[PDB]
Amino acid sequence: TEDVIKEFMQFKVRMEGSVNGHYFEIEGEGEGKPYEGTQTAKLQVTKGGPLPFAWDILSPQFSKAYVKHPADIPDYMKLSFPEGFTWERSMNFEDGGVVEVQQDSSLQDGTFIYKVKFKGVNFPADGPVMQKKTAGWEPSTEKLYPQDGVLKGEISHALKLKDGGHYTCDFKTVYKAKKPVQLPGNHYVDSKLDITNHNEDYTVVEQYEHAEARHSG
């Protein structure tokens, strides 16, 4: 990968989507140290704004070539290049919210290109997401296992709620390489995603993640 994924790598994204009908179009840029598990992202609502829901349901959809892997642990999403990989995710929240996401990752001109497609459905409108009472995602840990010749990962995740409580979402995600690649083992990735800046409308937002692969206790 030394030759395809370099110590610093830049990326661009476009997301088409809808939460409960509301269509939005977002267009973003990022850049980061991939072998160190640290990335950044600048985003902008490019149609739909002000978005009538929480950025957080959208946050973990704006980069797993940038996960610090040990050398004992193999980096599926890095060795997936220059060809790429795709993930389709299901997020089940407690109030009944359901986000289903599909994404295509590409490498062209030394820049990662990411095309994301998002659909939110049946979100309680007396709930945090639509009432915008969420305050960042709590730190997280995901268990990554292989199955059916692809890599699968689950999270039992909670969103920080403004008052002081949580909001439980369950992530299942499948990753598949556009080419044939050796699958990692039963491993776990540890990560935190932060909104570091924004405007009052969340029509422009700044983000940062740190992710490291590991084993179990």
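The first residue of the sequence shown is number 1, and the count goes up from there.
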Item checked: Deposited residues omitted from coordinates between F62 and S63, as a class -> 1 to 3
Check: Got a sec? Mean C-alpha B-factor, which is higher, 72-80 or 93-101?
Finding: 72-80
Checklist line | Mean C-alpha B-factor comparison - 176-184 and 160-168, higher one | finding: 176-184
Note to self: Checking the record values for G32, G149, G153, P52, which has the greatest CA B factor?
What the structure shows: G149
Notebook entry, point to check: Going by the entry, which of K119, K132, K143, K115 has the most elevated CA B factor?
Noted result: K132
Margin query: For the chain shown, is the CA B-factor of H210 in the lowest, middle or highest third of its modelled residues?
Written below: lowest
Margin query: Going by the CA temperature factor in the PDB record, which third of the chain does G48 belong to: lowest, middle or highest?
Written below: highest
Notebook entry, point to check: For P124, does the deposited CA B-factor place it in the lowest, middle or highest third of the chain?
Noted result: highest
Notebook entry, point to check: Within this chain, which third does the Cα B-factor at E27 fall in: lowest, middle or highest?
Noted result: highest
